[PDB]
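Here we start with a single chain on its own, the form deposited in one PDB entry, put down as structure tokens.
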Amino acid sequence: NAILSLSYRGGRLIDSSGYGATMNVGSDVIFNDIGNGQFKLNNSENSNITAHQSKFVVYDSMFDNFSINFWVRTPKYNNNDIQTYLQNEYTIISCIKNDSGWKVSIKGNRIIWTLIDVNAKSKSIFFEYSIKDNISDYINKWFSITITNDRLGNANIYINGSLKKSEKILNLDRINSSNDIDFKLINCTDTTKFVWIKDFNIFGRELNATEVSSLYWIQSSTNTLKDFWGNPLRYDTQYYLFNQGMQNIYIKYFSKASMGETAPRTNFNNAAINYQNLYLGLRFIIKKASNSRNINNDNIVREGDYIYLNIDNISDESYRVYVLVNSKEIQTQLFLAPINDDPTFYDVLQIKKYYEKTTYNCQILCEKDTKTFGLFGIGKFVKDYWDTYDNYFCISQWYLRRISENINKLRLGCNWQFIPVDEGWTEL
């Protein structure tokens, strides 16, 4: 029972809650109908949405509890402009009348919720994520934020469905907010900044932990395949390959053995920031296999589709990933070769999500028949001795049983993510 839910469908922004908020959209907003719909705000006057709430939805109360929820995708810092990134707080969503109400702000690597009462007393609570991780779960990635407010106790921030922070708000008096919610960058000094927003909802109660987790599961669209950024995985789109089990390597071509070998990610590191580079190694393109589901160019890949993994940066001609047919062994290297129909090898795959379905991981399956059946992962050249070069791109039957074992499956070597070049992640 959301009391406001923004959705973009049939080419228009609507309130899908049924409480009838009306929208006014500026001339410089980008929209799409992915899922419930997404939009992009840039740093200009015309890049704005105003949602006008009815008398029955607008918040004006000393005691009534309420929650808001949305997902955000905010770009990586510019390496040469970290001081302004860390120091500049800008609003992205606000509902303020005569200085009272609520607002969502970003300040670098922080997401901030602020409440201001009619006496100008204010309380803020923030979530901060690291800008020194080799690989970040949050930078330039879709993530979920749910903020719940108990007027007689705490404000709470939940990130990706789990409680991250709490702050006492009980000393605030009446919060008399605006009928209008403005989605708009305010006070953002960087002309190039933008933010992506999706799944904006308001609830007229304090959601509990169970409700927050359920909402996260629903909004994660667990049947859809996603890329590293949290966007739908697509055909005909160049992707670098990330292994969730071995995050510090990428795959390179080794011509002598028609092989994908591992090599260490390079990094950028100074006193303020650290990250490993993402746009490294073999560049893959997902292609629709013969007699699979009919698609248009750049369509979304589904778990039921049969696909090929082309590689466009080994030579001027396309290469593709091949599996040896009837290997009679538990593990074999994958073969990276020019396009061919040699019956010794086989190229029909599927991209699956067997567990951890709210994550952006996938598994890559070959299942021709029992003699050619396994999951893509990484094998060791030498097993009994720090060496980032000691591995190759393989297919193994070992993963088939492993993924049904009573274990944490988050960091298995058969977990992969696909990384397209994105405007919110620039590197050297």
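The term rigid core refers to the most C-alpha atoms you can superpose between the two forms while keeping them within 1.5 Å. In case it trips you up, residue 1 is the first one in the sequence shown, and so on.
Quiz item: In the deposited sequence, how many residues between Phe63 and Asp64 have no modelled coordinates (none, 1 to 3, 4 to 9, 10 or more)?
Solution: The entry has no unmodelled residues between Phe63 and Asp64.
Quiz item: When the C-alpha temperature factors are averaged for each of 265-273 and 140-148, which stretch ends up with the higher value in the entry?
Solution: Between 140-148 and 265-273, it is 265-273 that shows the higher mean C-alpha B-factor.
Quiz prompt | Mean C-alpha temperature factor, higher of 227-235 and 71-79 | solution = Mean CA B-factor is higher for 71-79.
Quiz item: So among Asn176, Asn156, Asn310, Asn299, who wins on Cα B-factor in the entry?
Solution: Across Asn176, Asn156, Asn310, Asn299, the entry lists the biggest C-alpha B-factor for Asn299.
Quiz prompt | Relative C-alpha B-factor of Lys256, binned into the chain's lowest, middle or highest third | solution = Middle third by C-alpha B-factor.
Self-check item: Where the record places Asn361 (Cα B-factor, split into thirds across the chain)
Solution: As the PDB entry reports it, the C-alpha B-factor of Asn361 lands in the lowest third of its chain.
Quiz prompt | Within-chain third of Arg320 by Cα B-factor, per the entry | solution = For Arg320, whose C-alpha B-factor we compare with every modelled residue in the chain, the answer is the lowest third.
Quiz prompt | Lowest, middle or highest third - CA B-factor, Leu278 | solution = Its C-alpha B-factor belongs to the lowest third of this chain's values.
Quiz item: By the record's CA B-factor, is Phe200 among the lowest, middle or highest third of residues in the chain?
Solution: Tercile = lowest for this residue's CA B-factor.
What follows is about the form deposited in another entry, which we do not show.
Quiz item: When you overlay the rigid core, is the Cα of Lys40 off by 2 Å or more between this form and the one not shown?
Solution: After core superposition, the displacement of the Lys40 C-alpha between this form and the one not shown stays below 2 Å, so no.
Quiz prompt | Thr370 C-alpha shift between this form and the one not shown of 2 Å or more, rigid core reference | solution = Comparing the forms between this form and the one not shown, which are aligned on their rigid core, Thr370 does shift its C-alpha by 2 Å or more.
Quiz item: Superposing on the rigid core, does the Cα of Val29 end up 2 Å or more away between this form and the one not shown?
Solution: The answer is no; the displacement is under 2 Å.
Quiz item: Do the C-alpha atoms of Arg402 and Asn243 sit closer or farther apart in the other form than they do here, given a shift of 3 Å or more?
Solution: Farther apart, by at least 3 Å.
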